[PDB]
Structure formats: structure tokens, C-alpha cells
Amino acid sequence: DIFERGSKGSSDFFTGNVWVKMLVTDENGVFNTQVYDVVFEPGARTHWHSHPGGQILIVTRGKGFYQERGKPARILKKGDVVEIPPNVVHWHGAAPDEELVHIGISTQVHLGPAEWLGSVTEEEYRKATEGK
């Protein structure tokens, strides 16, 4: 609705079909902040990862999940704002039944890039999402 779909996200960092559109790439480092828009098709999600800088998600459409490692998953819908603290290992993605669209803001980009870990397994995903 607000933005066109971006380009297909790498299978190295995503499970399923995800489209990413860079809004602010901050190539010159002026803002120390990057901004992206992402569409997760049903079932699609990031791998587990963390950022040294805090991340902010703003949900613009659909239904999805955010989960920090060892913690219960949080249900996302339009309007929700997720503050992802620095270094917290987490994933986010769509509900099984419905796409998720959100803006993402990476803060304190200079602290370093995302650290990518393992995929969110089918088991982890079902456990987090089944019947919610």
C-alpha cells in the first residue's frame, strides 16, 4: 500500500519469501540509521539474529510475530511498534495464514552489522504461532 515491494531477501537470512525495500541506506553514514520496508509472505520469517544497535519495527499491515530467544512470542498487527533492544537475539516474520508488512529502523548502525544465527525451525515456528 505505502510502498512497492522491494527485492527478494536472501535464503541465507530468511525462511520463505520475503521482499525488502531500502528506504534509507545511509551510504554516506550521515544519519547512522538505516530504514527498510519488508513484506513477509505467510509463513516467511527471518533467521534468528541480533543487531548491536537497537532496532524499531512499525507494522503497517497484516499479522506477524516477534520473538526474543527464550521468551514467549508477541503477536503483531497493524499499528504495533516493536522496540528490539541492542544485542537481543530474536526473529520476526508473518503469521502462517497472513502476510506481515512493516517498516524497520536500524539504529546506531556504526556499532556493527547484524549477527545471523540459525534458522527458526519448523518446530520453533509452529510452537510460537500455532493457534494464536
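The first residue of the shown sequence is 1; numbering continues from there.
- Between 13-21 and 120-128, the higher mean Cα B-factor belongs to 120-128.
- Sorting the modelled residues of the chain by their CA temperature factor places residue 53 in the highest third.
- Residue-level temperature factors show residue 27 in the highest third of its chain, judged at the C-alpha atom.
- When the modelled residues of the chain are ordered by C-alpha B-factor, residue 84 sits in the middle third.
- In this PDB entry, the Cα temperature factor of residue 63 sits in the bottom third of its chain's modelled residues, the lowest group.
- Per the PDB record, residue ranking by Cα B-factor puts residue 70 in the highest third of the chain.
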